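Please treat every number below as a calculation from the coordinates, not as lab data. For neighbour counting, all protein chains shown are included, and Cβ atoms are generated from backbone atoms with ideal geometry for every residue, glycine included.
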Amino acid sequence: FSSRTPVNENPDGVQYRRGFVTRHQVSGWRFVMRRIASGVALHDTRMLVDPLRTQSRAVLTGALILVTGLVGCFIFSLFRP
Amino acid sequence: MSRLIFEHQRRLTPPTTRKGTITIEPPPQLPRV
């Protein structure tokens, strides 16, 4: 339900400096960064499909396959005689 | 009882108060089950 943040009308109140980074903020930053990257490498900003994110995901999936096979053969060496 | 005259000019405006009724959105209802 409630989501708001009215304007503070008190001059003697508290002002919240030194903000952190929210999950929302970091997601928005990652999005705008992927959008700039798309607009630079390609000439798309409509972002209907992002092949760059797919490529990065592909390389990281390769890395995950790597580390998974590694730990798998490791525990295989240990458990088996 | 005075031997001197006083003249009534515009009253110095007080600090401006307003009657803006502040409305508060009710608490969120608990998860409807």
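Some observations on this one:
- Between 0 and 90°, nearest 10: helix A:51-79 axis offset from chain A longest Cα axis: 50 degrees
- Pair-distance distribution of chain A: all C-alpha pairs, bin width 10 Å, starting at 0; shares per bin in whole percent are 13, 21, 21, 20, 16, 7, 2, 0.
- Helix A:23-41 and the long axis of chain A differ in direction by around 70°, with both axes built from C-alpha atoms.
- Packing around the peptides A:29-41, A:63-75, B:1-13, taken as the average count of other Cβ atoms within 10 Å per residue, puts them in this order, highest first: A:29-41, A:63-75, B:1-13.
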